[PDB]
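Chains as they are written, first to last, in PDB author numbering: chain P, 16 to 151; chain C, 21 to 233; chain d, 7 to 68; chain G, 14 to 204; chain 9, 172 to 355, 361 to 393, 398 to 536; chain i, 41 to 115.
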Amino acid sequence: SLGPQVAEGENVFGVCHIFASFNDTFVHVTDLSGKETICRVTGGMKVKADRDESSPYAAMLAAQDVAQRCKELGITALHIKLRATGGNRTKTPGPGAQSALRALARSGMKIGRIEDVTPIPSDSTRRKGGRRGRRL
Amino acid sequence: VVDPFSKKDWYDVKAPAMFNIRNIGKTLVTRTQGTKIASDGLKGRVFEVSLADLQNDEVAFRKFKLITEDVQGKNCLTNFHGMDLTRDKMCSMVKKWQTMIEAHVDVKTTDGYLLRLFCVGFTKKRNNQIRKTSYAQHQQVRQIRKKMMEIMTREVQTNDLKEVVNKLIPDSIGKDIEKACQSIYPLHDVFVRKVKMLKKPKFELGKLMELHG
Amino acid sequence: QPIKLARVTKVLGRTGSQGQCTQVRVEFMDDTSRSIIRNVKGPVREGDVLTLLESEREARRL
Amino acid sequence: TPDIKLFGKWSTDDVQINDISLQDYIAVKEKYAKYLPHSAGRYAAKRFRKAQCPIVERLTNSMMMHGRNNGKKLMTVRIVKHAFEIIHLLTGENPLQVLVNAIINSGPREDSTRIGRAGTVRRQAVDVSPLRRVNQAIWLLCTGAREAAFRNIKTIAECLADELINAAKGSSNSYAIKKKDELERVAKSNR
Amino acid sequence: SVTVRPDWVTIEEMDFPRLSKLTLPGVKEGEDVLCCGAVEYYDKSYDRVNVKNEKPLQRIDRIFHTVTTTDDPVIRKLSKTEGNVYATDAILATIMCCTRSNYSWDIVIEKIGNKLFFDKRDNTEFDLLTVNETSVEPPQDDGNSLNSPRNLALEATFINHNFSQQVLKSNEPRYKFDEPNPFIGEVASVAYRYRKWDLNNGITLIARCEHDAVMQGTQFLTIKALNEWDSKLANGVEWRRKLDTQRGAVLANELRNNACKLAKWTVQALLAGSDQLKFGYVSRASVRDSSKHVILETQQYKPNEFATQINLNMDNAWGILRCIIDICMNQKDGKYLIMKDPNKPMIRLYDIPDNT
Amino acid sequence: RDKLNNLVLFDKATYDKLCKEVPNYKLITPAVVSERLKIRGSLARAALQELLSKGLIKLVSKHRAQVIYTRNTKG
RNA sequence: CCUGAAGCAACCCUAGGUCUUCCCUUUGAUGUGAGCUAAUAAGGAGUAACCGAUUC
């Protein structure tokens, strides 16, 4: 529980992987390596209803618990790696992306550098749903 | 009922002598409990650092991958692994009404390291051009791509890895290709999109500690 | 945060669901040049004063 | 008295509206200096004609409410006269100055409302106009004194004196400041 | 303001964003070491003066002493006794609300030993009052025009020096502190009192603080005069129109147009510890008549209320001041110059020979 | 819940409070005195009319709805 | 008609104590207890419950 960095100026950086699907949100802090995990609070751990796992609210709760949990270990600032589902599926991030990123900045952390890391394929395998799509 | 972060030593990370800001940050490890060792489990971690943070303050769109190939003592020693342009940059460059020319060469340094370099270049629209398009014919494209490969090979092949990174810290290769292809078709947004690492020589320490000052 | 005075310079358009908020261009009495857009309840006139609790946030123009 | 027009027996001059914002929509000084709260009106003729009604008359208008007391301005004028006597006793200030201070301290700065990206809905925070500030300031401390007096020995004149003293202070004891702070809190909670 | 010679060495540069971010808490109370001069009683009966019942603005011959830190005999005495930073209200008002600065201004720092004499250049345009500085467009007129920045500033300065004396019952027994005015019937109503500020980081500050007059109710007055010359072009609303429905609007509009002047005047009063700052609404006869003036109205504001109203931060004012006194109590002796970039928003600091 | 039982006539110690206290108050009204002594408005009025005719409190205004007195001046 | 009462730092006058402290007693402050009020505080929470697509 002791990052031996200087009390005055030294910022200890983590990196927060915000995987935001359209029916879940993840907020997951790691080393600059990306190997050693510190926190992972999902949208679904906080709220107990299936329809609001992908909420701005649930993502706001998740980022708040992550912010509080990582402040104790002594992670001061965070780099950001945002992503939607990707592959064959959507490449627009979920509605929890904005509220989560906002929430762990309202909660007194520092924001380093942000970038999209969605798995964008060269050209991909056949997408789920028939030739005639998802008819409803 | 075991606090899992009680047994965690923090380790300072060090970048090689080629960059201005030496230390990248800190790294977590588990205390040597049993047979598996802290330093051995810590050896071979890939750190993706933006060149803005790696230097003092510059371009933030070029990133360098660095491998902790050895640990001396409370200090991870990273070494040049690879390079990649950011998604935002690559997506911003690729726009409609022009020709995108892509090359890749599999070239080896004087020491063991064998890289794969990917070059990219987009056909520039002239200052008095009224034609919307500004496309390159197929033979003009592959004459450009042949010249891309010829420079990319020459620049790396003849000198060692310390000097090829010193060339990738600016974009001397991309500026050289861009000026070279002015006669065939004027390109503008020319970079070495990506550098990959395929083979390393069998690990040395004296060769690492020359790169670490 | 210190409470700051924004002065209405030109009333632009009416907004809200039931046409209830006047959206107005304000010119800051504090800084010489900074002019932002704010949604305002009640009746507002061209050339009077507002007391903003924050002098950074801005309302979405339509 | 061809020079000064003492409101019953209260001085016009030497009352200052400190706040620059509420200064135009508060009429107490130099031309709105009149002897009685009572007058003809014609302040509902055009849009911002209302701003020129002496604040004492605005208070006298707002006071007469809850059905059984619609259009008893003579009874309301005697309530305001008795309240100004009682304010002067307990405070020792100019009762017009205490009223002006209570108007400033009671008026909210921010309120919550329903806005757009029309499709669904959203309750965001917005500003209140300097007229809306003074309009709601008067209404709040009038209804505060009203509901306080209902089923009580403390007479309407005493309840008004209580509200205007405690609101001019900024107590959070007057219904005016209590409710102001509730609206500004909700306005913050969803901004 | 000044033509900068090739012998003048730039040492330090500070821009307005960096100066805006500064703060200092812990600034202690000002201690009246000396109170000098004699101040008249104010006629509260010039406030039965509105848009309908105005007054003639008359020329009053009373002698104003524009004596700087260099020529101050009490500061010259106090120099050796205690204090290492000596200033006037106009000078520190400039540095404090420097953030709003539009035009080129200058301050001569004179570090003789372990001292800062924040001095002003006599026979330079420092004691002019600027006009419509911070408008959408400042007056873009030529020196031969009557609506020029020079000619508007000239008459604005005159009417302020007129108004301060004219409103005053200036031949009824004066309030005397201890001494007569240290500069000399002929004189003008003004009182100079010196104050010590112990300033956290290890600086003692002795500034000369000026009250304009006394009013009863006793009470001390800082008094200034707001000018309205040709509103329709000037990029402001008319004063004579009604001013009574729109007083708050006529005020806030003339404030933005004179952002730095009203900021210097208000921090001037906060410095002196005046409990009330009054004003004087002066306009022309016809919109292009430089000679005539008529006093429309006056409004009174407690400077503490006014400064939080208009905009100021004591922490900013004292935070910028600690920075500049620290810079020039750090670097070497001789004559300096805090000059603001004529066209851009940044203050510069040159080191100069012993002459200019 | 709660109920109010005021006095129809003075207790000895309540009248001792009234004879000592109510000429110290800045505002003297039958409603104020009614709350401050646990006494019916009828008793309050009758007591304050004693206090006035006695010549101890300075009346400011009388009205069927509102009768206001104050403590008499000092010098 | 009588109610408190024993030493006053030291010299002269003066009144046989012509005298002002134990404390009776009232006004001004500070701290605790209790009431009304803060307040519907805030938080719990825009959570739980209930309703939502679909059939004309």
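Where a beta carbon is used, it is the ideal one built from N, C-alpha and C, also for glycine.
Under 8 angstroms by beta carbon: chain 9 residues contacting residue i
{"i": "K44 (chain G)", "result": "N221 and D424"}
Contacts of residue i in chain G (Cβ-Cβ under 7 angstroms)
{"i": "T38 (chain d)", "result": "Near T38 (chain d) there are no residues of chain G at all, since even the closest Cβ is about 18 angstroms away, more than 7 angstroms."}
CB of residue i within 8 angstroms of CB of residue j, strictly
{"i": "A439 (chain 9)", "j": "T305 (chain 9)", "result": "yes"}
{"i": "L74 (chain C)", "j": "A37 (chain C)", "result": "no"}
{"i": "residue 20 (chain i)", "j": "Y109 (chain i)", "result": "In the structure as shown, chain i begins at 41 and stops at 115. Residue 20 (chain i) is therefore absent and cannot be evaluated."}
{"i": "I100 (chain G)", "j": "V113 (chain G)", "result": "no"}
{"i": "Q480 (chain 9)", "j": "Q456 (chain 9)", "result": "yes"}
{"i": "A71 (chain i)", "j": "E43 (chain G)", "result": "no"}
{"i": "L339 (chain 9)", "j": "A389 (chain 9)", "result": "yes"}
{"i": "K83 (chain C)", "j": "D104 (chain C)", "result": "yes"}
{"i": "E160 (chain G)", "j": "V141 (chain G)", "result": "no"}
DSSP state of residue i mapped onto helix, strand, coil
{"i": "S75 (chain G)", "result": "helix"}
{"i": "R80 (chain i)", "result": "coil"}
{"i": "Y55 (chain i)", "result": "helix"}
{"i": "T126 (chain G)", "result": "strand"}
{"i": "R104 (chain i)", "result": "coil"}
Cutoff 8 angstroms: residue i Cβ touching any chain d Cβ
{"i": "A414 (chain 9)", "result": "no"}
{"i": "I68 (chain G)", "result": "no"}
{"i": "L196 (chain G)", "result": "no"}
Under 8 angstroms from the C-beta of residue i: neighbouring residues of chain P
{"i": "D108 (chain C)", "result": "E130 and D131"}
{"i": "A80 (chain C)", "result": "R128"}
Contacts that residue i makes with chain P (C-beta to C-beta distance below 9 angstroms)
{"i": "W30 (chain C)", "result": "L17, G18, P19, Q20, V27 and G89"}
Option nearest residue i by Cα separation, candidates the options
{"i": "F20 (chain G)", "options": "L49 (chain G), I33 (chain G) and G105 (chain G)", "result": "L49 (chain G)"}
{"i": "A452 (chain 9)", "options": "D521 (chain 9), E200 (chain 9), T478 (chain 9) and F235 (chain 9)", "result": "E200 (chain 9)"}
{"i": "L375 (chain 9)", "options": "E202 (chain 9), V430 (chain 9), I518 (chain 9) and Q337 (chain 9)", "result": "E202 (chain 9)"}
{"i": "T194 (chain 9)", "options": "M509 (chain 9), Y516 (chain 9) and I500 (chain 9)", "result": "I500 (chain 9)"}
{"i": "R371 (chain 9)", "options": "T425 (chain 9), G393 (chain 9) and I246 (chain 9)", "result": "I246 (chain 9)"}
{"i": "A73 (chain P)", "options": "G24 (chain P), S139 (chain P) and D39 (chain P)", "result": "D39 (chain P)"}
{"i": "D131 (chain P)", "options": "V140 (chain C), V161 (chain C), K109 (chain C) and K152 (chain C)", "result": "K109 (chain C)"}
{"i": "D16 (chain G)", "options": "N407 (chain 9), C503 (chain 9), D277 (chain 9) and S216 (chain 9)", "result": "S216 (chain 9)"}
{"i": "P206 (chain C)", "options": "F142 (chain C), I150 (chain C), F25 (chain C) and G226 (chain C)", "result": "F142 (chain C)"}
{"i": "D531 (chain 9)", "options": "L517 (chain 9), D410 (chain 9) and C207 (chain 9)", "result": "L517 (chain 9)"}
{"i": "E408 (chain 9)", "options": "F187 (chain 9), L381 (chain 9) and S463 (chain 9)", "result": "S463 (chain 9)"}
{"i": "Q177 (chain C)", "options": "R42 (chain C), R165 (chain C), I193 (chain C) and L86 (chain C)", "result": "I193 (chain C)"}
{"i": "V81 (chain P)", "options": "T133 (chain P), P19 (chain P) and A118 (chain P)", "result": "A118 (chain P)"}
Residue-chain proximity (residue i, chain G), Cβ-Cβ < 8 angstroms
{"i": "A209 (chain 9)", "result": "no"}
{"i": "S82 (chain i)", "result": "no"}
{"i": "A432 (chain 9)", "result": "yes"}
{"i": "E75 (chain i)", "result": "yes"}
{"i": "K47 (chain d)", "result": "yes"}
{"i": "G460 (chain 9)", "result": "no"}
{"i": "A87 (chain i)", "result": "no"}
8 angstroms Cβ cutoff, residue i in contact with chain i
{"i": "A181 (chain G)", "result": "no"}
{"i": "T89 (chain G)", "result": "no"}
{"i": "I178 (chain G)", "result": "no"}
{"i": "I30 (chain G)", "result": "no"}
Contact set between residue i and chain d, taken where Cβ atoms lie within less than 8 angstroms
{"i": "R55 (chain G)", "result": "Correct list: empty, because the minimum Cβ distance to chain d is about 18 angstroms."}
Neighbouring residues, chain 9, relative to residue i (Cβ below 7 angstroms)
{"i": "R44 (chain d)", "result": "Those within 7 angstroms of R44 (chain d) in chain 9 number zero; the least Cβ separation is about 16 angstroms."}
Contact with chain C by residue i, beta-carbon distance below 8 angstroms
{"i": "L47 (chain P)", "result": "yes"}
Chain-ordered chain G contacts of residue i [CB-CB under 8 angstroms]
{"i": "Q26 (chain d)", "result": "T126 and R127"}
Where residue i meets chain P, residues with beta-carbon distance less than 7 angstroms
{"i": "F25 (chain C)", "result": "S16 and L88"}
Under 9 angstroms by beta carbon: chain G residues contacting residue i
{"i": "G22 (chain d)", "result": "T126, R127, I128, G129 and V139"}
Contact with chain 9 by residue i, beta-carbon distance below 8 angstroms
{"i": "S142 (chain G)", "result": "no"}
{"i": "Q110 (chain G)", "result": "no"}
{"i": "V55 (chain d)", "result": "yes"}
Minimum Cβ-Cβ distance from residue i to chain P less than 8 angstroms
{"i": "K46 (chain C)", "result": "yes"}
Where residue i meets chain C, residues with beta-carbon distance less than 7 angstroms
{"i": "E68 (chain P)", "result": "Those do not exist, as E68 (chain P) stays about 26 angstroms from chain C at its closest Cβ, beyond 7 angstroms."}
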